[PDB]
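To begin, one chain is listed below as structure tokens, in the form solved without its partner chain.
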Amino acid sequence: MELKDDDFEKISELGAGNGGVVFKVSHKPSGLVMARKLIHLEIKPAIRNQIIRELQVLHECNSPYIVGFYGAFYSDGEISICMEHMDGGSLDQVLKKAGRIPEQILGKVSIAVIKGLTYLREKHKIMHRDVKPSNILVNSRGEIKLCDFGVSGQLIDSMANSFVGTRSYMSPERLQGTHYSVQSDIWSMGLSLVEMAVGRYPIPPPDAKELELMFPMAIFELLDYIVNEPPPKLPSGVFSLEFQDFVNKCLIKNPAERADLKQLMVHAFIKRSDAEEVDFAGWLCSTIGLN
């Protein structure tokens, strides 16, 4: 069935970012619980019809690594996108509580992210454009899923003005110009894994002293660090060398030299992690407190 504003009822607010707020809602006619994301745009009706039009391709997104989609519409000045409610929230929220995320678990996260990007490229000819821990959602069934990928050109265009004035997961090439594509997602995945693995945004790297204890920056300063100074890496010894190599292959500054999805799919770390027996669902609930 078609979704519309009056058929919904707010339960609670799940969080907000730059340019969007997300509610946990009840869709009254079905009784289903959903996550309704609102993007406040005031923009000419002509193009906001185009946006809703372009967003309908998410009905063709069926994948165990992509958040389910229920529908998209326009309301009182707001674009609504209604997704599956992921009761374990995002990986940035999970890292927040967990402090630091185990390597074995990150292994399963990498598999989900890799297969996720693969589906999007294969079945839809699109890159993600915003891979970061807040955009990898998990739930009590143990499923790890991507959302907030860029399906609509007009939306991408209509949002270009804002962005994050700190912490960038953008690749060096994206920061420097318009010449980027799927490879740029590999960089963001790499950076996200390092963050989750260590427990804080990895730029700048920790001191020798900050490291042993473990185990603000200005905009141009941070960006200049991403572009010119050597990429971040996993501290030696306390992560397997397969995992270190894995992130190293993701964090190569040159997009063509950098590993791609097909190569990462067969990396020793993924191959090791595919075999591993991990109660992800159990680890999730036991850390963030669910059932």
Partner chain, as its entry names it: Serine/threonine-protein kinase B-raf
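Residues that one form lacks are left out of the comparison. For the two forms, the rigid core is made up of the largest set of C-alpha atoms that agree within 1.5 Å on superposition. Residue numbers count along the first chain shown, from 1.
The form deposited with its partner chain bound exists for this protein as well; it is not shown, and the discussion that follows is about that form.
Its partner chain in the bound PDB entry is not approached by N139, whose heavy atoms all lie more than 4.5 angstroms from it. For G177, a non-hydrogen atom is located within 4.5 Å of its partner chain in the bound PDB entry, even though that partner is not displayed.
In the bound PDB entry, its partner chain stays beyond 4.5 Å of every heavy atom belonging to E103. In the bound PDB entry, its partner chain stays beyond 4.5 Å of every heavy atom belonging to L213.
For the candidate spot formed by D157, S168 and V227, every residue has a non-hydrogen atom within 4.5 angstroms of its partner chain in the bound PDB entry. Across the options 237-245, 38-46, 262-270, 63-71, residues that bring heavy atoms within 4.5 Å of its partner chain in the bound PDB entry belong to 38-46. Residue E78 is the only one of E143, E84, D87, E78 with a heavy atom lying within 4.5 Å of its partner chain in the bound PDB entry.
Once the core is superposed between the shown form and the other one, every option in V164, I126, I156, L175 stays below 2 Å in C-alpha shift except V164. A shift of at least 3 angstroms brings the Cα atoms of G165 and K37 nearer to each other in the bound PDB entry than in the displayed structure. Look at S80 and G165: in the bound PDB entry their Cα atoms come 3 Å or more closer than in this form. Listed in sequence order, the runs of at least 3 residues with C-alpha movement of 2 Å or more between the shown form and the other one, after fitting the core, are 163-166, 218-220.
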